[PDB]
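Take a look at the structure below.
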Amino acid sequence: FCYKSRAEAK
Amino acid sequence: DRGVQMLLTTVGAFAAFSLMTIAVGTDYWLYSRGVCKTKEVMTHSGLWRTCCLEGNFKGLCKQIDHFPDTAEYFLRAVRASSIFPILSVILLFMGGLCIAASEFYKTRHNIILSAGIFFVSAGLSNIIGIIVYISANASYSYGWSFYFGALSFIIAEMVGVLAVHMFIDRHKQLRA
Amino acid sequence: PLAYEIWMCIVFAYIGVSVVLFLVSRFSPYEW
């Protein structure tokens with residue numbers, strides 16, 4: 001979840 | 001309703017924290033036959049002190065003699081402290097703080113999920129604690145504090161489910 | 001055949017496994 005959250009920023 | 005869901009979650013959390021704290025502090029866990037104070041009568045035998053009952057002298061309590069086999073040494077140590085019950089209590093407290101911060105400093109949407117994870121983890125800690133305690137005590141009936149602990153586990157899991165569902169609803173509203 | 005405590009902990013574990021399977025499989029918004 002944390003990985004997807006950070007990537008969604010871009 | 002969102003209001004009812006939030007209130008039910010808050011009430012449940014307070015109740016679970018209170019139940020576990022009372023249980024980890026009270027002495028009516030086992031109900032065994034042992035020595036009130038030495039240097040074999042019915043007893044209270046909680047998590048920390050084994051008070052005596054029905055004996056020539058009642059009300060006397062002595063700290064249970066933990067440590068009267070490294071495999072057994074480690075179990076004895078984990079039971080000596082109540083790292084698992086105590087950790088359950090701490091986790092429940094942190095969950096409560098998260099739910100409280102939900103109303104203020106809101107719109108973060110991730111503090112509700114935090115509360116859910118904390119409640120579920122507290123439950124897992126409570127179950128490990130129960131297994132360790134039961135294994136260390138290897139008639140012997142269990143008292144109302146042990147069952148308070150169990151009720152804490154069930155309530156905590158339910159409050160966790162409410163938190164997760166609430167977080168999901170928040171992210172569903174946000175995506176619309 | 002199984003002690004009383006084993007049944008009690010089987011029930012507690014069932015509740016736990018179910019709650020955790022619900023959480024991991026459904027909390028992340030990226031799964032909708």
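The way I read the labels, and the way they are meant: chains A, B, ... in the order of the structure tokens, residue 1 as the first residue of every chain, and ligand 1 as the first ligand shown, with later ones counted on from there.
Residues lying within 10 Å of stretch 7-10 of chain A, counting only C-alpha atoms and ignoring same-chain neighbours fewer than 5 positions away, are residues 1 and 2 of chain A; 30 of chain C.
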Using only N, CA and C atoms, please write the residues we just selected to a file, as a PDB file, in the first residue's frame.
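Output contents, as saved in result_32.pdb:
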```pdb
ATOM      1  N   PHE A   1       0.863  -1.195   0.000  1.00  0.00           N
ATOM      2  CA  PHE A   1       0.000   0.000   0.000  1.00  0.00           C
ATOM      3  C   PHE A   1       0.888   1.231   0.000  1.00  0.00           C
ATOM      4  N   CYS A   2       1.954   1.184   0.781  1.00  0.00           N
ATOM      5  CA  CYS A   2       2.823   2.378   0.868  1.00  0.00           C
ATOM      6  C   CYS A   2       3.505   2.567  -0.484  1.00  0.00           C
TER       7      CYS A   2
ATOM      8  N   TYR C  30      -6.375   0.906  -3.903  1.00  0.00           N
ATOM      9  CA  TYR C  30      -5.908   0.599  -5.266  1.00  0.00           C
ATOM     10  C   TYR C  30      -6.467  -0.741  -5.729  1.00  0.00           C
TER      11      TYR C  30
END
```
For this session: Dump as a PyMOL selection string the residues of chain C that approach chain B to within 10 Å, counting only C-alpha atoms.
Result: chain C and resi 5-6+8-9+12-13+15-20+22-23+26-29+32
For this session: Could you please determine the separation between atom CA of residue B:10 and atom CA of residue B:87 in Å, to one decimal place?
Result: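 Here the two named atoms are 20.1 Å from each other.
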Problem set entry | Members of chain C assigned alpha helix (DSSP H) by DSSP, as JSON, numbers by chain | {"C": [4, 5, 6, 7, 8, 9, 10, 11, 12, 13, 14, 15, 16, 17, 18, 19, 20, 21, 22, 23, 24, 25, 26]}
Can you write just those residues out, C-alpha atoms, as a compact mmCIF listing (two decimals), in the first residue's frame?
```txt
# COMPACT_ATOMS: atom_id res chain seq x y z
CA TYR C 4 -10.98 -27.08 26.42
CA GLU C 5 -8.32 -24.48 25.89
CA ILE C 6 -7.56 -25.84 22.42
CA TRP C 7 -11.16 -25.33 21.36
CA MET C 8 -11.20 -21.86 22.84
CA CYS C 9 -8.10 -20.85 20.98
CA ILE C 10 -9.35 -22.43 17.74
CA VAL C 11 -12.33 -20.09 17.96
CA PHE C 12 -10.23 -17.05 18.71
CA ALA C 13 -7.95 -17.89 15.86
CA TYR C 14 -10.84 -18.25 13.46
CA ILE C 15 -11.99 -14.76 14.30
CA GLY C 16 -8.52 -13.42 13.85
CA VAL C 17 -7.80 -15.12 10.58
CA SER C 18 -11.05 -13.90 9.19
CA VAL C 19 -10.49 -10.31 10.21
CA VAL C 20 -7.00 -10.22 8.82
CA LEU C 21 -8.03 -11.78 5.54
CA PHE C 22 -10.73 -9.14 5.24
CA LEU C 23 -8.24 -6.38 5.96
CA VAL C 24 -5.39 -7.32 3.62
CA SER C 25 -7.75 -8.18 0.83
CA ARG C 26 -9.88 -5.05 1.01
```
Problem set entry | Residues near residue B:136, cut-off 9 Å, only C-alpha atoms, skip fewer than 2 positions along chain, as a list in words |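 Selected residues are residues 75, 76, 79, 131, 132, 133, 134 and 138 of chain B.
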Exercise. Mind pulling up the distance from atom CA of residue B:28 to atom CA of residue B:118?
Worked result: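 Answer for the atom CA of residue B:118 to atom CA of residue B:28 separation: 27.2 Å.
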Problem set entry | Given only C-alpha atoms as the counted atoms, nearest of B:163, B:14, B:4, B:63 to residue B:111 | B:163
For this session: Please identify all polymer residues within 8 Å of stretch 18-22 of chain B, counting only C-alpha atoms, omitting same-chain residues fewer than 3 positions from it, and present them as a list in words.
Result: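 Within the cut-off, the hits are residues 14, 15, 25, 26, 85, 88, 89, 145, 148, 149, 151 and 152 of chain B.
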Exercise. Any idea what's packed within 12 Å of residue B:97, counting only C-alpha atoms, ignoring anything in its chain fewer than 2 positions away? Could you give it as a ChimeraX atom specification?
Worked result: /B:10,13-14,17,90-95,99-104,111-112,114-116,118-119
Seminar exercise, completed: In Å and to one decimal, atom CA of residue B:176 is distant from atom CA of residue B:107 by 15.0 Å
For this session: Compile the contact shell of residue B:82 as a list in words: residues with an atom at most 8 Å away, counting only C-alpha atoms, same-chain residues fewer than 4 positions apart removed.
Result: residues 47, 78, 86, 87 and 129 of chain B
For this session: Name the residues of stretch 21-57 of chain B that fall into strand (DSSP E) according to DSSP on the backbone, using the chain letters and numbers of this document, as number ranges by chain.
Result: B: 30-31, 33-34, 41-42, 49-51
Output the selection as a PDB file, in the first residue's frame - C-alpha atoms for each residue.
```
ATOM      1  CA  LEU B  30      -6.620 -19.113  37.573  1.00  0.00           C
ATOM      2  CA  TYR B  31      -8.436 -20.631  40.579  1.00  0.00           C
ATOM      3  CA  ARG B  33      -4.723 -25.131  44.742  1.00  0.00           C
ATOM      4  CA  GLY B  34      -1.407 -23.763  46.005  1.00  0.00           C
ATOM      5  CA  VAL B  41      -5.061 -24.111  49.831  1.00  0.00           C
ATOM      6  CA  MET B  42      -7.374 -22.749  47.113  1.00  0.00           C
ATOM      7  CA  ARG B  49       0.397 -11.962  42.567  1.00  0.00           C
ATOM      8  CA  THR B  50      -1.122 -15.246  43.866  1.00  0.00           C
ATOM      9  CA  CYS B  51      -3.463 -14.249  46.702  1.00  0.00           C
TER      10      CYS B  51
END
```
Problem set entry | From B:137, B:32, B:143, B:24, residue lying nearest residue B:81 [only C-alpha atoms] |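 Of the candidates, the smallest distance to residue B:81 is held by B:24.
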